[PDB]
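Starting off, we have a lone chain in the form deposited in one PDB entry, written out as structure tokens.
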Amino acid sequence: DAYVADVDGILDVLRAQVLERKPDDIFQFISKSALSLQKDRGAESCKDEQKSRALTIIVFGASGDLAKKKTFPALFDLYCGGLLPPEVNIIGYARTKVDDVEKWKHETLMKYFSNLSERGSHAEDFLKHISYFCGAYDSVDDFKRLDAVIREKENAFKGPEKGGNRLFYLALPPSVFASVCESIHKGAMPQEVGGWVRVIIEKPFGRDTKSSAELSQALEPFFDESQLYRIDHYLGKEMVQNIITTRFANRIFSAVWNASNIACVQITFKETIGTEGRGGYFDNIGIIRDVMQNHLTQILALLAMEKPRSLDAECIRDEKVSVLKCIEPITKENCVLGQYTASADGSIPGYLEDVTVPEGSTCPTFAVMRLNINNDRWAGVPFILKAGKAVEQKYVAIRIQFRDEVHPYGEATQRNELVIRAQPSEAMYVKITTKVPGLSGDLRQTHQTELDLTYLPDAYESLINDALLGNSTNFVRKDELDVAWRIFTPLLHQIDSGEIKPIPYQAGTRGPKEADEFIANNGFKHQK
């Protein structure tokens, strides 16, 4: 029609990832991607055992931001995908008094549902499953009325199986977890006639070894590890679960997955955004506690763990704790911090320019560190963990550099690379060196190419479905969490004591120049 030329808005979406891969101007790449890029639009539109028992999902802190912005929207997308039972009942628990609960669902919630809102109004049928309960988190009596309301919905079930399953979501600060679980234990446990209870716990799981061990001990008398589901927003990503399969279902990758073949392993987490006006409470957490101690450590555990003896959930987790116990605590000389300042053009204000940050504080927004795994498989292999905010690019990936085959080709070849990227675009490719397809020459004419492999909810909604299915594979265990803290706690105390302090770097940079020097000094090689 008139002025509707989104083909210009269309075209640079094609361009954005031709700069991401830049493969030898392959005309097939421009073509073969194009129809798959359009058939993204061509493919979208609006268990037999979970039906068997009534299910109740109780979201504590429904008034909270995480509950309204992704938690309830997560359950919405699971409903449209058919991943929730038809008689599921969702109850929001919060202290704030709200009347006209349909207005609360249709205004303060309906502000933050999925973009499929126009694709279909199944949400109106979804909101009929949502109820609101106002009460306290430390009141045993309030949870008994919650149990009464839940029982009036479990006994409203039309199936023959008795009881009901209760999934409790703690979208609350961790200081409230202990009292909430005590109130559940004393007042709102599942009916004796049948049903399980599972509790999802959100981060931060403490701030050090002593801090987190107290939290797990405060929840011990109420729920075991089969009932506690500490959620990780990255263990649901599809390539990080694929790490297990390519390692252990293929002899090719398994035979070279050791210190006798691998030169360097780097797990990097990059964001172009800063705290952006809300850094006052990131100032007390730091980059290490935010994404390094939990996310990158989880990825490292799957990358370096020994072969599980079965594909059961607790066999995989057993290997994760066993390999993490081979890691020495990180020292201050194996870590370089950073704190981002204002952008050169002034686009992104500096971290200290934030009103909410206490000026003069040394909280790190950037950190690169080396980890050592002392076992037969990984003795001597440098494991580099990198994480920073407000950097040159948005990037979460694994880079595995294999040791160079030196003698036959010399400077005509370089290190092999295995790369697994999860964000923004999923990919796994193996970079090796082949002979140039032009002519013969001296057989020393070579170029580094890559070997790219061919191929409903997001990562967050996968984990909730995993919890509803009883799969604890992608949730960190209590023993697993303690070992991770013991690795990082001695370093974190040095950070708080000022033994190492961040180096300033402008927004949009790769980070401090000392970070890249540290990376190249710990076994990493770059070719351009």
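One-based numbering along the sequence shown. Between two forms, the rigid core is the largest collection of C-alphas that superpose within 1.5 Å.
In the deposited entry, the stretch joining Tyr455 to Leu456 is interrupted by 4 to 9 residues of the deposited sequence lacking coordinates.
In the deposited sequence, the stretch from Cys46 to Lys47 hides 4 to 9 residues that have no coordinates. Per the PDB record, of the two stretches 28-36 and 478-486, 28-36 carries the greater mean B-factor over its C-alpha atoms. Remark: stretch with higher mean C-alpha B factor among 79-87 and 379-387 is 79-87. Taking the deposited Cα B-factors for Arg317, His295, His447, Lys325, the highest one is held by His447.
The top Cα temperature factor in the record, among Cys363, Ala136, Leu109, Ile150, falls on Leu109. The PDB entry assigns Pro358 a C-alpha temperature factor belonging to the middle third of its chain's modelled residues. When the modelled residues of the chain are ordered by C-alpha B-factor, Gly206 sits in the lowest third.
In the deposited entry, the Cα temperature factor of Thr96 places it in the middle third of its chain's modelled residues. The entry lists a Cα temperature factor for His122 that places it in the highest third of the chain's modelled residues. Among all modelled residues in its chain, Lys307 ranks in the middle third by Cα B-factor.
What comes next is about the form deposited in another entry, which is not displayed.
With the two forms fitted on their core, the C-alpha shifts between the shown form and the other one stay under 2 Å for all of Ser117, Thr362, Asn250, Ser260 except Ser117. Once both forms are fitted on their rigid core, the CA atom of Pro408 lies less than 2 Å apart between the shown form and the other one. Taking the rigid core as fixed, one finds a CA shift for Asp442 of 2 Å or more between the shown form and the other one.
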